[PDB]
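Have a look below at one chain only, the form deposited without the ligand, in structure tokens format.
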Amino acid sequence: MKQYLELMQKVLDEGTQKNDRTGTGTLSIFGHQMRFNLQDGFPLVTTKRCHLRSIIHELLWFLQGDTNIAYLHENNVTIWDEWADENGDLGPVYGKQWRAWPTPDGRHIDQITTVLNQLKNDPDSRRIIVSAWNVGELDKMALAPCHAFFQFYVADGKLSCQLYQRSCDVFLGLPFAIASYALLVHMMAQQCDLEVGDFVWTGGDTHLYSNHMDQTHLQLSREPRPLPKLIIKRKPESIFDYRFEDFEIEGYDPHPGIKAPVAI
């Protein structure tokens, strides 16, 4: 993608040296915003081949309020194994906070149902937010939420969504964050009979790890290909009723995969 390759160059040209939590160096810029009109095509990176199946299985896990690695494992998805303990528990991360924010008075708040109720009944709200940054439970979480917070917006039957991402690995982590949330705008939109608007990504500490320089330099050598088209085959009874088989990406012809290694 263009907005994305523009950011990569930016972290290289403008980024300061800064360190990882007692680890690797980074080139760090703070605060950046990109916009994706989702009507122009689905924002899956074409400059390295990304695989959507992990993304999908992860989102449907989140919407189930699920926080144990069992679902992912039953479908060979291994992207949260690192964080899990022996029992597969990740603590009260995303899925638990999206579907059951614990109140001090004993309730569990379903932020995803609230959000659909708002988009359906009060589409002009400025409060259509869902949040994962619960300060009360940050000590129990496997890691603190990267995609801390997001907000929905409705103007002219188009639904947009802004995500704030407190920490971003531009190389590995950002193609995945964009495809995951952009998918959710499409599912949300379908459920509310709204057209898709814009995905706006806003980040805090946006970085490139020092040992991904070669791989970035290679990705910047590639001209972006046309964005693919996301088709959803079925209209489920609700947002908690979508299946992996429901989505297909048409016309995705990326350049090859690039791997990027991490220190331990």
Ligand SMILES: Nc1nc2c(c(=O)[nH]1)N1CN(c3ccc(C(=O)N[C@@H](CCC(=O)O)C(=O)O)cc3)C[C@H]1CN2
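The first residue of the shown sequence is 1; numbering continues from there.
The next section is about a form of this same protein that is not shown, the form solved in complex with the ligand.
J.: Work out which of the listed stretches, 185-193, 153-161, 169-177, 111-119, brings a heavy atom within 4.5 angstroms of the ligand in the entry with it bound.
T.: Going by heavy atoms within 4.5 Å, the stretch is 169-177.
J.: Does the ligand come within 4.5 Å of any heavy atom of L143 in the entry with it bound?
T.: Contact with the ligand, yes.
J.: Does any heavy atom of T202 come within 4.5 Å of a heavy atom of the ligand in the entry with it bound?
T.: The answer is no: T202 has no heavy atom within 4.5 Å of the ligand.
J.: How about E58: is it within 4.5 Å of the ligand in the entry with it bound, going by heavy atoms?
T.: Yes, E58 is a contact residue.
J.: Is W83 near the ligand? Define near as a heavy atom within 4.5 Å, in the entry with it bound.
T.: Yes.
J.: From the list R35, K235, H217, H51, which entry has a heavy atom within 4.5 Å of the ligand in the entry with it bound?
T.: Contact check passes for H51.
J.: Just give me the residues of 232-264, first to last, that have a heavy atom within 4.5 Å of the ligand in the entry with it bound.
T.: In sequence order, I258, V262, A263 come within 4.5 Å of the partner.
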